[PDB]
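Have a look below at one chain only, the form deposited in one PDB entry, in structure tokens format.
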């Protein structure tokens, strides 16, 4: 009798990540959880064959089922169009899914204490959140004034601001905007993420330079905090504070981690989760590529050692949310247990070649210092079997 997992939208991907993704399901997920699985093949050949229809259907399935877990995919370039003889240079599946779903992206680096970090003092993870893409830019052919005007719907408080009077020559100009609703959705997603993980939240802004534009972000976060989150933040002993981007960077340099950083906006050790405005829909993926170099080694029968942590944490993050929506304690436990096993295995000295190279330096790595992809996956599977057995 396995854990009833419920409805999960799964997206298969490309190259080396496609193989590790199958290994994750076969050795870590399917032996313990049964799912009403909505599988979508986002491999480049299948996106080409279906005229990218499979991507739009996967995005539609995440809207309906609320939980998506996605494998890394190829975003075609000129070189990829010739390799697969593609009909078109298809847009990024991540971009297509992101535009259909909307929300805030939270990036979380997975911390293993024996694996070096950018800043050595980082002991707890840092979560970066961000909601520009709709700016109106143009070329200014020569001298003349560029003005930006606001005309209210009634007509009454109309204002015209001089952006610049070009005099010596031309250049470029652009108008940018941010709707209140977008700032409020980002603020709510950030406060909720901070309470879910139990860490303080910091919003970074440049309000000393953009007093009006960034000033509105700061005020909206401060108002939303004082109105509906400070009582829950005080209860869990966490806080919200604004920081100037230059100040925030210096504070992160002297920090030990353990916070959410909201911005106005080893590689296999980071996840990206899209949290939709409805507070119910989530899409989790590994924040890395398809590992082409390792895939070429695999195609030549050579032994590979590819870090699967980010892809495992896409599964655990998705299953953790699926368990929270359904109130499934068994699933919530399984998701947390797989994350613990993944970190415990690496911290105990069992890791892939790339992690061993971070520690020793590539020229110093011996075969005995690491496990190949299959050996690491089997080591995790043995530790997971033990962790789950000692729970029942």
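C-alpha atoms forming the largest set that superposes within 1.5 Å between two forms make up the rigid core. Residue numbers count along the first chain shown, from 1.
Deposited sequence between residue 117 and residue 118: no residues lack coordinates (chain continuous). According to the record, the deposited sequence contains 10 or more residues between residue 265 and residue 266 that were left without coordinates. Here the stretch with the larger average CA B-factor, out of 266 to 274 and 316 to 324, is 266 to 274. 281 to 289 and 247 to 255 differ in mean CA B-factor, and the higher of the two is recorded for 247 to 255.
In the PDB entry, the Cα temperature factor peaks, among 311, 299, 179, 305, at 179. Note on the listed residues 235, 174, 140, 163: the highest Cα temperature factor in the record is that of 235. Per the deposited record, the Cα B-factor of residue 190 falls in the middle third when ranked against the other modelled residues of its chain. The entry lists a Cα temperature factor for residue 108 that places it in the middle third of the chain's modelled residues.
When the modelled residues of the chain are ordered by their C-alpha B factor, residue 22 lands in the lowest third.
Residue 14: CA B factor in the lowest third of modelled residues in this chain (values from the PDB entry). Looking at the C-alpha B-factors along this chain, the one for residue 295 belongs to the lowest third.
Omitted here: the form deposited in another entry. The next part is about that form.
With the two forms fitted on their core, the C-alpha shifts between this form and the one not shown stay under 2 Å for all of 292, 99, 92, 151 except 151. After superposition on the rigid core, the Cα atom of residue 274 is displaced by less than 2 Å between this form and the one not shown. Once both forms are fitted on their core, a CA shift of 2 Å or more is seen for residue 178 between this form and the one not shown.
Shown in the overlay between this form and the one not shown, fitted on the rigid core, is a CA shift at residue 227 of 2 Å or greater.
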